[PDB]
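**Q** This one's experimental. Sequence and coordinates below.
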Amino acid sequence: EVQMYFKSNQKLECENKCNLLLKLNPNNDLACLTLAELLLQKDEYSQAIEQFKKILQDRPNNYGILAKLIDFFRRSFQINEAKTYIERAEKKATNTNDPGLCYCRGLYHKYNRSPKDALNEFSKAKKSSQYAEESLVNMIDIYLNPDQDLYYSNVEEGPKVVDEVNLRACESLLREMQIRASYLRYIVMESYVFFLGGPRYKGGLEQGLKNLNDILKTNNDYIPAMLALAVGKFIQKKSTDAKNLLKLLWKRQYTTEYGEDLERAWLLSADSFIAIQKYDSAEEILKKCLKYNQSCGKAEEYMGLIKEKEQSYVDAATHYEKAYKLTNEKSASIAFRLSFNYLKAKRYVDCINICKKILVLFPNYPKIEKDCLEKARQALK
Amino acid sequence: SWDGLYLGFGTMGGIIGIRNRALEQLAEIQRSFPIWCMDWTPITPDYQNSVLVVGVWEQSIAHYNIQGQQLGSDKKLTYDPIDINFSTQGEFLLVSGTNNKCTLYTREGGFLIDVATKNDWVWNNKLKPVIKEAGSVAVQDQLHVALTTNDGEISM
Amino acid sequence: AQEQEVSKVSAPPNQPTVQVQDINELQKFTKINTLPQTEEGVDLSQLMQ
């Protein structure tokens, strides 16, 4: 009945059925998810955070609102009070290994640049009827995209292939979610596996293309289908058709259900704009992405690169520094770019600190000590 | 030097030179890293010998004799030193540099405490000398340090 | 000089290195014996949980 009322798009009687479920089973997941969805419907951005925090204070677990708040805090680079909130919710969670709490912890750890514990928590939380599809999508995204970047980079190559057992794990997760998760997501995710499987079959990409074409024939709205099609046409050296699809992706208005994919598409579109001299549309797309998100990694790196190319060193240095803070002291290329920008801006102390830390981390970089470290060291006094 | 006889200078090219009051090449030592901070150990009735303490930029602190022969200490450090100061009577050693921390050490090299962390490079840190009367009695537990940083703070 | 040598000879690992040998096994073991499961139509991935 709750599913039917959610499909009928009427909040009152659906909320009544959710109240009946709460009176029946306090540990219901679908009712909490529907209540969170209706709360998002009534209030989105005006004061939704305040009421969500109030409801979290009122009810100890409140897993759906907790997950939405975790997503918001990821969007607002404020993960510290997010981890305080998950701790205070876990203190009175009765049982540690609840599916909702485990899923929230896995999502938090995935958003904190840590794939191992996030994968472990997602696998632990998969043992339930609900959250199975989202958790499986999260583990397979982690397996395929560890650094959370654009799938196909026009700068060089674009596909990423790691060992062989990652594909085996992806296949196991696919055969699990073909009986657990939905069908369209199964088609899209098998298409991703085929596209990123490389020359292992030489036929997975074409059958994925046929499946996606059939999907668009049946349903031309499903965002992951067109996103997979655009990725595949990037793979197949198509130029006009790929930009046509990305353009027709752009015209669609922002839907709350499929925001992330849209952002990703925008990023891909932005890359298509940065490969050519058209930097104005690229910076427009980047400013839109930074308006709709505050934790993107590649977008700010591209913005810093554009600003550095336009010899605006202060803003480029700021963007590169924020990007380096986002990926916590692990990347090396953007560290070298930041060091070069600091050297060119007469900030030798910060450049020397960056060079020292990058040399401590990776001792196999002979290019960086003689290029900027020595010059700054001699220019100190 | 505290005896008023010797003089020590360092170069960013790694050359440390020890001369006399006549400015002659008494001793020359060549290194591979820039030279920033040097000092002379204060005279002491227990030790009565003066050595040159120089902090190199390869995360090391070195003790050199008058003839130029190293004493072999070559104590390693986590951070590159910037400034070095010996307390009166040669009891303490105030070390600053990278990590934005001002630390205290014994003359042997034992860590005791860290004075302050400013969150920026400390260019110059100095100790307050004390004057001891003939046969005076005092604990002299109090110590005073003055720090100067890169942003423009002179703290006490 | 003798202290370091004797300590290295004995070196009772108290807390820090009791069993610290953490290396990814979810992918290392799937190299060892998982291929025979994969070519055939057998799903035992639940059973290895």
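**A** Yes, it's here. Numbers count the residues shown, from 1 in each chain, chains lettered A, B, ... in the order given.
**Q** What's the local residue count around the nearest residue to residue B:130 once chain neighbours are set aside?
**A** Take residue B:130 and drop its neighbours on the chain: the residue closest to it by CB to CB, 6 or more residues apart in numbering or on different chains is residue B:88, 5.7 Å away. All C-beta atoms are positioned from the backbone trio N, CA, C, and that covers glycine. Per other CB atoms under 10 Å in any protein chain shown, the neighbour tally for residue B:88 reads 13.
**Q** so who does the residue in chain B that chain A sits nearest to touch?
**A** The shortest separation between chain B and chain A is 6.0 Å, found at residue B:121 (distances taken as CB to the nearest CB). For residue B:121, the contacting residues are A:349, B:82, B:97-98, B:100, B:149-150, taking CB atoms under 8 Å, 6 or more residues apart in numbering or on different chains as the criterion.
**Q** Could you identify the most distant pair in these?
**A** Distances among the contacts of residue B:121 were taken as CB to CB; the most separated pair is B:98 and B:149, at 13.2 Å.
**Q** Out of the contacts of residue B:121, which end up buried?
**A** When neighbours are counted using 16 or more other CB atoms under 10 Å in any protein chain shown, the contacts of residue B:121 contain these buried positions: B:82, B:97-98, B:100, B:149.
**Q** show me what contacts residue A:144?
**A** Shown here is residue A:144, whose contacts under the criterion CB under 8 Å, 6+ apart are A:160, A:166, A:170, A:192-193, A:196.
**Q** Report the separation between it and residue B:94.
**A** 54 Å (CB to CB, to the nearest Å).
**Q** now residue A:87
**A** Computed as CB to CB, the residue A:87 to residue B:94 distance reads 41 Å.
**Q** who's more crowded, the two?
**A** A side-by-side neighbour count of residue A:87 and residue B:94, using other CB under 10 Å, places residue B:94 first with 20 against 9.
**Q** is it true that the more buried one lies in a strand?
**A** Yes. With DSSP: H, G, I helix; E, B strand; the rest coil as the criterion, residue B:94 is part of a strand.
**Q** Up against chain A, what does chain B have?
**A** Within chain B, the positions adjacent to chain A are B:12, B:34, B:57, B:80, B:98, B:121, B:150 by CB under 8 Å from any CB of the partner chain.
**Q** Confirm for me that the fifth one is in contact with residue B:80.
**A** Yes. If you go by CB atoms under 8 Å, residue B:98 and residue B:80 touch, sitting 4.8 Å apart.
**Q** Can you check which residues contact both of those two?
**A** Overlap of the contact sets of residue B:98 and residue B:80 (by CB under 8 Å, 6+ apart) consists of residue A:356.
**Q** if we can go back for a sec, and of the contacts of residue B:121, the nearest to chain C?
**A** Using CB to the nearest CB, residue B:98 is the member of those that lies nearest chain C, at 26.3 Å.
**Q** ok, the closest one - contacts?
**A** In this structure, residue B:98 makes contact with A:353, A:356, B:79-80, B:82, B:121, judged by CB under 8 Å, 6+ apart.
**Q** on that earlier part again, show the backbone phi and psi for the residue nearest to residue B:130.
**A** Per-residue torsions, residue B:88: phi -60, psi 140 (degrees, to the nearest 10).
**Q** One more: residue B:144?
**A** Backbone geometry at residue B:144, expressed as degrees, to the nearest 10, gives phi -130, psi 130.
**Q** how much space between the residue nearest to it when sequence neighbours are not counted and residue B:103?
**A** If you skip the residues right next to it in sequence, residue B:144 has residue B:128 as its closest partner in space, 3.8 Å away by CB to CB, 6+ apart. According to CB to CB, residue B:128 and residue B:103 sit 17 Å apart.
**Q** the more surrounded of those two?
**A** When residue B:128 is set against residue B:103 and neighbours are counted by other CB under 10 Å, the residue ahead is residue B:103, at 21 against 12.
**Q** Are we agreed that the more buried one is in a strand?
**A** Yes. Per three-state DSSP, residue B:103 lies within a strand segment.
**Q** Nearest residue to residue A:372 in space, please, no chain neighbours.
**A** In space, not counting the residues next to it along the chain, residue A:372 is nearest to residue A:343; the distance is 4.6 Å by CB to CB, 6+ apart.
**Q** How much space separates that neighbour from residue A:355?
**A** From residue A:343 over to residue A:355 (counting by CB to CB), the distance is 9 Å.
**Q** shared neighbours of these two, anything?
**A** Contact with both residue A:343 and residue A:355 is made by residues A:372, A:376, according to CB under 8 Å, 6+ apart.
**Q** how far away is whatever residue of chain B ends up closest to chain C from residue A:84?
**A** Here chain B gets closest to chain C at one residue, residue B:72, 13.5 Å apart by CB to the nearest CB. Between residue B:72 and residue A:84 the distance is 52 Å, computed by CB to CB.
**Q** okay, these two: which has more neighbours?
**A** In this view residue B:72 and residue A:84 are compared by other CB under 10 Å, and residue A:84 has more residues nearby, 10 against 7.
**Q** would that one count as being in a strand?
**A** No. Read with three-state DSSP, residue A:84 is helix and lies in no strand.
**Q** which residues does the residue nearest the centre of chain B contact?
**A** Taking CA atoms, centre = their mean as the criterion, residue B:84 is the residue nearest the geometric centre of chain B, at 3.2 Å. Neighbour list for residue B:84: B:37-39, B:53, B:55, B:61, B:93-95 [criterion: CB under 8 Å, 6+ apart].
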